[PDB]
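The block underneath contains the structure these notes are about, expressed in structure tokens.
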Amino acid sequence: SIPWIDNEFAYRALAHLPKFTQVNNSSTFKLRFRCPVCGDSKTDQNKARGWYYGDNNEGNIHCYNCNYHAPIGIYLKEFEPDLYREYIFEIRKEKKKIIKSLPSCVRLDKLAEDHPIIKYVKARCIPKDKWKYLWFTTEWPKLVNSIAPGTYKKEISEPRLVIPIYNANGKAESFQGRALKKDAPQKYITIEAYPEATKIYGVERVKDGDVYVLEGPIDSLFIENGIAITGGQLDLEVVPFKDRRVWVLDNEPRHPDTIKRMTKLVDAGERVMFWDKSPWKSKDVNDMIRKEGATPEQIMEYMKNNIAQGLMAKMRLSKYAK
Amino acid sequence: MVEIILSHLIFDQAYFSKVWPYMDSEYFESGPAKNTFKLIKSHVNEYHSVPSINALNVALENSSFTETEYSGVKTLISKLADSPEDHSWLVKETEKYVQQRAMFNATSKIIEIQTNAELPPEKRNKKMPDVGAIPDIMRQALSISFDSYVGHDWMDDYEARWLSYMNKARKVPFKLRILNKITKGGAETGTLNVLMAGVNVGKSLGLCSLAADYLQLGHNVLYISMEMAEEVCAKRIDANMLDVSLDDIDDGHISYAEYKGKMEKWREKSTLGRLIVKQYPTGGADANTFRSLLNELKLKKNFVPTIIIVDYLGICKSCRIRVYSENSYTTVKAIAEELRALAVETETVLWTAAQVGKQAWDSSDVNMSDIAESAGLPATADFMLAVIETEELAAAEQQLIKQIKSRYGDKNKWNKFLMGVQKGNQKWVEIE
Amino acid sequence: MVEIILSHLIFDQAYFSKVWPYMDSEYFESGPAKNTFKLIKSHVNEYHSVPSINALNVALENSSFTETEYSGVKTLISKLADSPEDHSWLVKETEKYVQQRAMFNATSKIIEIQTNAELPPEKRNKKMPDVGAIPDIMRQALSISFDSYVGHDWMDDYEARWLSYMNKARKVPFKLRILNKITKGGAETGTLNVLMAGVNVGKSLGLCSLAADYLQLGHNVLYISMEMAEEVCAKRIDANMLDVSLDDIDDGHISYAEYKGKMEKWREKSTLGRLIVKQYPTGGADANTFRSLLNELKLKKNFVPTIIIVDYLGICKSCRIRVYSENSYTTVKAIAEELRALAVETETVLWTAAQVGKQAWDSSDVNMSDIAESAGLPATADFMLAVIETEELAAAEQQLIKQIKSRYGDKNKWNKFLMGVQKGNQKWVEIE
Amino acid sequence: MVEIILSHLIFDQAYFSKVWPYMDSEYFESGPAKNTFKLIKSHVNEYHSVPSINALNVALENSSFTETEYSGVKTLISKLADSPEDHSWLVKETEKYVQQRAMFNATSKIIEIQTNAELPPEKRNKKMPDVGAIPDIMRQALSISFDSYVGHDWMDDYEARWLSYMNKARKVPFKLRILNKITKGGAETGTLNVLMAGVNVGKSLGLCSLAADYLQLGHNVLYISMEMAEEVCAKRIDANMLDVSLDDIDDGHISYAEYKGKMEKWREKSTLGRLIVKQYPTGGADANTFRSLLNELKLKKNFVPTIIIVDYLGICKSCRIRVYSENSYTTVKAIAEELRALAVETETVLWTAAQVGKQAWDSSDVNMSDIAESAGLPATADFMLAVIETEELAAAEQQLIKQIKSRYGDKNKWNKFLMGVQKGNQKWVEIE
DNA sequence: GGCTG
DNA sequence: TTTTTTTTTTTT
Ligand SMILES: Nc1ncnc2c1ncn2[C@@H]1O[C@H](COP(=O)(O)OP(=O)(O)OP(O)(O)=S)[C@@H](O)[C@H]1O
Ligand SMILES: Nc1ncnc2c1ncn2[C@@H]1O[C@H](COP(=O)(O)OP(=O)(O)OP(O)(O)=S)[C@@H](O)[C@H]1O
Ligand SMILES: [Mg+2]
Ligand SMILES: [Mg+2]
Ligand SMILES: [Zn+2]
């Protein structure tokens, strides 16, 4: 198919749609908009469940409200035949910033031992030394607007735990804020100094031997050579130590997305971790530590004797499925 | 009370043996309870015994479920515990819960039926019952009690059988004594009775005469005609009942005054039923069509027939068969089986007609091997009759009946009785 | 839809007289519509006539309603429509509206009954019907139809049926005295009538004679030909109508002047019908293509026929069989059934012809047993006329017509009759 | 389920006897489970008896491991309880667990072999097998089970086969001396027996007589009828058992005193079984429907049949072939195979009836080639009898039961034997 | 703030 | 919509 011309035609046709958004990352062409087929959610007028994907082999539209999915050509012919004919004829026609200041931030290692967040991190059972990499803020929106103005409409006083993300050079080019309260718009609000900032945590702290890729940076704290891809799309290329890295996901065997990711990793022949014999059964490492009492050295012992790759990984995954 | 039901299924043999055969997965919920009951039912199917807690939470729950379903099932299984309750209150409460859940499911189903039928065609979700069969679903939901009624025990149910014998609550007597002395009281309710006559020998004079007799006997008669219009069949019935020749109604020798007088004389009699004639195109009506017609008659005209007369069995179509078959053996047999199933479902005496083979034409005797369309039709019929008036009986206004297959009695007792046909009045009279 | 219903209750007579007995207050609403209908019903009860707008407003003024009710009723009364919609659509749409509202009310009532049933027995309403009344209630919702016509009801349609016998509503005359004599007034609508041709008997001569006779009587005739083109069949029709011999047209004896003069003379007569000749390839026309042809003629040509004449039954194709054979019994039986179904569903007289059996060919007398189509044509044919052409009859320009199957009347009344066949003009004349 | 396996190894005894030989240390784990199983195996090797919990603690004390795992092992032996689970489920679950672990170990071994093969020969491991051993070892993991017997060995199992000869354990006598003589002990369990005859000849009569004879021999007989109603079959059984003619029941020549007296006289017998008569629509029940019926009969009452009389297999439907997808031959063969599979599964004698062809309806002799529908039904049947009735036989109240197929004896020793048939009593009597 | 096939 | 095996049935 012809992705670029389809993307252009979809852009022309859907420029006028409600909630139209040009959600285009560095490698994908997605358009977010309110689904004209169903008007998206009747209750929520700000929902834009109409999505066009040009990254797909053929730019395809799908609504998450009316569950209407089709190619761009089908929608164009069934809704705008006028430009559809011109498009179908065209078918054969073609034929960096570094964060330097920490306003309203007090590092946990230098924070007072009586601070409530210190007590919470004790409930989180984080190693004391790791506190020299985490700050606490009472003015997270204020701090972000001080560093990146216009981010927050109001600089409300919100206490969060700020983990700066240091590049291999050790330069904080981003930061993730964890809301202390159980209720929040997002558990981990991550803001980067520049769009090309590193999405991998602990890169500056990588040592010799195998490197363990985890989910949460706090989880990586308990682990030597623990790096954390800070959200985003899992891309092998952006990940260093492509020779020696070790994949460690959450212990959620019945969860479908986790096993999908693990299948993706193993099909790339990677070296992954398996929990099919773990004495603890919590979802993640920190949960095993705080609940099952799991201690980090036992965890490392288990993991160094549970890494599998290739056919070994595949067969050990089959059993771990369910 | 799902938790109590599950707990006493696991931890009570008497309660299990009492309530398990009436348990269904569509009674508990769309969450943990349904999954737990699925595990229990799978274990009972596989091993014919009630599972324990270990079997539930290891041998069965360690299979395939999402995280939320797994957590719910684990919590429910851990919550199960034996509780001392009387085994008369538990059964009654479980029966009430089952009845309530059956009613809830039936209400949801009929709501979905109405919603589906409200939608226009091409999106009507076929195989879903029509709006006509809403009350039967509710009636089925009402009778969902825990009573053991599987079949007819010979020794345990002889009282009801004797009541049926003494009441004779299966026979529908004829108006002809000759047909009653060979059927031992007439035809039975769930039966398929057949006439075989040939071409222009009868085969609708006989059906019309039987319909007229049943009408005079107070029965509701439904005449489904595939080969004749409603008006011509009603004219034959009028000739039979008004004692007027069929030609006289055509030439015009009968006045409107006497016609209306005879009709009103018949109306005032309390011993007169209702005859409804419905025509379908030749080859365009099946058992499903007849069921739809019955439902429409019951809803609109409040008409529940006791006699159903199909003018011709061989020019109908099979509801089960989807692709037309050139083999007349299978199609006619399927049609006859469907008609007899309809008769036994509606408890209606079903009369129909069959065509004899060309060899039997102008033959003084017609054997069962002269059936034309299919040899499976005589196997499914409860009573067959053959009309063999060749040449001399026509001059004497007679017809000879052979009694080829008789399931009401011995067909070798009174094989021939020489019925008195009258073609002008379209009726049968005896030779007493 | 409620606005239209109220407007055409106020401003119509036939609609009122048709839909008033099936109109209830609970069918409309719980707001302005219900109040307006209550006003209408009160006025019609106190004064047995449809109220006017001024009278309706006076009644609303002298009524007990609050401010919001007063405003709603006033607005609705001011919003009435006197538009003259078509009656059939109006009746059907109001019937659908009434049925939907009745179903909704019944479903709500059964839900309320179930909810009341699941309440402390000491604490429940006594007026609420028991659960066992649920299946009956829904039945009353399904028994709502403005007009009940399911089949022909004996003793309930005797006055309409008599008007059929006196008015001969079904008969279509023949223009030949002998054929009218043996059919008691001609052939009937929704029938299949066939001609059996023996030795030296063309099948299309008789069909063209019948088509011409029907054309002269004012009937719309659709002639579907298989083995011949449209021009050839219409040339046979011209030979019969213009009195020109068939060979004279090919030779050129008749000039354009005489042809046009005769055609315009026929066109002047108001007792002439329309003839539409449609050609189909051999075996390429089943009795489903004819339905499409009729639909196209009705939509485009506005031509709705009363007579359909198929050139030859054997050449046709059975839609049910799909597989085709030059001379196979199963196909002929299916073709006859499909054509008779088409005749019944279109209310038209359908004519066709077949070849008699070889033994029938040699014998001047033709027996139903002596027929190429045995038990297939003398089972689906209302009338089967047999045509015999021997050497002596041909020398006298005659053909012996024998009646082999007559559903219309007695087959043996006038079985044999001599017909004056003219093979040049393709005509049948009577014999004194 | 390693905890359950270890607990029932230590405590349960028969489970230990059945499962211990098929136990290896590689099947459990690489952690506490493996250590516990190694301790148990060492103890059972030292002392040829199952150890106790105190013995396990002593073995842990004297034979020690590294404390890291030793704590896990000592906390692993704190949960092994008696937990009296059922034996069959425990054995099946242990077999499934060991099979799964064997498959996992085989896959890991073949992966390791492939990895070793990739390595250069300089540093490759020597203990690992070559790649050529990958298939066979996989087979060694495929054929792992607890079934010590894979088949029947002629010389090894000469014992336990002579037991089947002393005690028949298969034969069910017929209550008729002639049938026992021609069968050498009666019909066998897990067999399909067929009575073939023409239409209206006695097939249901013979089946009812057999059912009555079995009922008199203390047998549970389940009569499944596809055509006749339950009351009709029960009336035939009453006529056979109560020595009252069918005419007497339909003419009122028997009083309620006689009927109840005879029924209670039969009830007082200790040599009487149970007869459940079940009715299904024609063509609306299959082998799975029969299995569901048997399950509900076993649950809702203490009824496990030993004789199953299906009225006619030809009017059933296959549980594998879709409806009317195949011809008569394939469908009837599939139905017969399904019925025989049901018979062998339930270990019951299954009697049924079949129709003969149209050509054998008036024949004094019936051959195996006269079977209607499939010819695979004689192939699937274990015992087939042909019921022949002629005018001379009917004049003497006799039939001509002929052996068509016999897997119980030589069909030629007594091929044709006369049998008196009382049609009024629906009874078979033997000429003596 | 993402999430489809 | 044709094609080919096998069977079963029926009609001539
Ligand atoms: N209008 C009539 N007047 C007098 N006799 C009639 C009339 N119609 C039919 N008959 C006679 O009734 C018999 C015809 O049988 P019907 O009851 O019409 O059914 P059928 O004709 O045998 O069925 P088929 O399939 O059409 S042959 C013959 O004996 C006719 O002579
Ligand atoms: N209800 C009955 N009343 C009197 N005699 C009967 C009755 N049913 C059967 N008979 C007699 O028993 C004979 C055989 O009947 P059945 O054995 O039931 O027949 P079948 O083998 O099931 O075949 P069908 O059903 O008749 S095609 C009949 O021909 C009659 O002589
Ligand atoms: Mg007829
Ligand atoms: Mg029977
Ligand atoms: Zn949408």
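So you can find residues: chains in the structure tokens are A, B, ... in the order shown, residues in each start at 1, and ligands are numbered from 1 in order.
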May I have the residues of chain F within 10 Å of chain B, counting only C-alpha atoms (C1' of nucleotides), written as an NGL selection string?
:F and (8-11)
Deliver the residues from the most recent selection as a file, using C-alpha atoms (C1' of nucleotides), as a PDB file, in the first residue's frame.
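Result went into again_11.pdb, see below:
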```pdb
ATOM      1  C1'  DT F   8     -30.836 -45.956  -1.729  1.00  0.00           C
ATOM      2  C1'  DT F   9     -34.735 -45.348  -3.855  1.00  0.00           C
ATOM      3  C1'  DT F  10     -38.154 -44.817  -7.478  1.00  0.00           C
ATOM      4  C1'  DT F  11     -39.894 -44.773 -12.018  1.00  0.00           C
TER       5       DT F  11
END
```
Stretch 173-380 of chain C: which residues are alpha helix (DSSP H) by DSSP, as JSON, numbers by chain?
{"C": [177, 178, 179, 180, 181, 182, 203, 204, 205, 206, 207, 208, 209, 210, 211, 212, 213, 214, 215, 216, 230, 231, 232, 233, 234, 235, 236, 237, 238, 239, 240, 241, 242, 246, 247, 248, 249, 250, 251, 256, 257, 258, 259, 260, 261, 262, 263, 264, 265, 266, 267, 268, 289, 290, 291, 292, 293, 294, 295, 296, 329, 330, 331, 332, 333, 334, 335, 336, 337, 338, 339, 340, 341, 342, 343, 344, 345, 346, 358, 359, 360, 361, 362, 377, 378, 379, 380]}
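In this model, the gap between atom CA of residue C:332 and atom CA of residue B:387 comes to 26.2 Å.
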How close does chain D get to chain A? List, as JSON lines, each residue of chain D within 7 Å, its nearest atom pair and the distance in Å to one decimal, counting only C-alpha atoms.
```
{"residue": "D:107", "atom": "CA", "partner": "A:315", "partner_atom": "CA", "distance": 6.9}
{"residue": "D:108", "atom": "CA", "partner": "A:312", "partner_atom": "CA", "distance": 6.3}
{"residue": "D:111", "atom": "CA", "partner": "A:312", "partner_atom": "CA", "distance": 6.1}
```
Write to file, as an mmCIF file, in the first residue's frame, the residues of the selection just made, with N, CA and C atoms.
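File written: selection_26.cif
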```cif
data_model
loop_
_atom_site.group_PDB
_atom_site.id
_atom_site.type_symbol
_atom_site.label_atom_id
_atom_site.label_comp_id
_atom_site.auth_asym_id
_atom_site.auth_seq_id
_atom_site.Cartn_x
_atom_site.Cartn_y
_atom_site.Cartn_z
ATOM 1 N N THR D 107 11.321 -31.179 26.966
ATOM 2 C CA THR D 107 11.567 -29.983 26.166
ATOM 3 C C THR D 107 12.858 -29.294 26.595
ATOM 4 N N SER D 108 13.083 -29.178 27.905
ATOM 5 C CA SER D 108 14.322 -28.571 28.379
ATOM 6 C C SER D 108 15.535 -29.389 27.950
ATOM 7 N N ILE D 111 16.199 -28.843 24.243
ATOM 8 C CA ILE D 111 16.770 -27.511 24.063
ATOM 9 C C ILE D 111 18.242 -27.502 24.462
#
```
List all protein, DNA and RNA residues that have any atom at most 12 Å from ligand 4, counting only C-alpha atoms (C1' of nucleotides) and all ligand atoms, and write the list as a PyMOL selection string.
(chain B and resi 378-383+405-408) or (chain D and resi 195-208+224-229+232-233+236+282+310-315+352-355)
Nearest-residue call for chain C, choices B:351, B:104, B:149, B:11, using only C-alpha atoms:
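Ranked by minimum distance to chain C, first place goes to B:104.
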Which residues of chain E are close to chain A, meaning at most 9 Å apart when you count only C-alpha atoms (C1' of nucleotides), and how do they look as a list in words?
residues 3, 4 and 5 of chain E
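Near residue B:94, within 8 Å and counting only C-alpha atoms (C1' of nucleotides), sit residues 1, 5, 19, 90, 91, 97 and 98 of chain B, not including residues fewer than 3 positions from it in the same chain.
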Just-selected residues, N, CA and C atoms written as a short mmCIF file (atom, residue, chain, number, x, y, z; two decimals), in the first residue's frame:
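Okay, result.cif is ready:
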```
data_model
loop_
_atom_site.label_atom_id
_atom_site.label_comp_id
_atom_site.auth_asym_id
_atom_site.auth_seq_id
_atom_site.Cartn_x
_atom_site.Cartn_y
_atom_site.Cartn_z
N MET B 1 -28.55 -16.10 47.90
CA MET B 1 -27.89 -17.03 48.82
C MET B 1 -26.97 -17.99 48.07
N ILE B 5 -25.65 -21.97 49.02
CA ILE B 5 -25.89 -23.03 48.05
C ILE B 5 -24.59 -23.76 47.74
N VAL B 19 -30.49 -31.35 45.26
CA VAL B 19 -30.59 -30.13 44.48
C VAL B 19 -29.69 -30.09 43.25
N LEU B 90 -33.34 -25.46 53.80
CA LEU B 90 -32.35 -25.25 52.75
C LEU B 90 -32.92 -25.58 51.38
N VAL B 91 -33.62 -26.71 51.26
CA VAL B 91 -34.17 -27.11 49.97
C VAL B 91 -35.23 -26.12 49.51
N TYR B 97 -35.03 -19.58 45.35
CA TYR B 97 -33.98 -18.84 44.65
C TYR B 97 -33.91 -19.26 43.18
N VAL B 98 -34.00 -20.57 42.91
CA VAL B 98 -33.95 -21.06 41.54
C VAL B 98 -35.14 -20.53 40.74
#
```
Identify, counting only C-alpha atoms (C1' of nucleotides) and all ligand atoms, the protein, DNA and RNA residues located within 6 Å of ligand 5, and give them as a VMD selection string.
chain A and resid 35 37 to 40 63 65 to 66 68
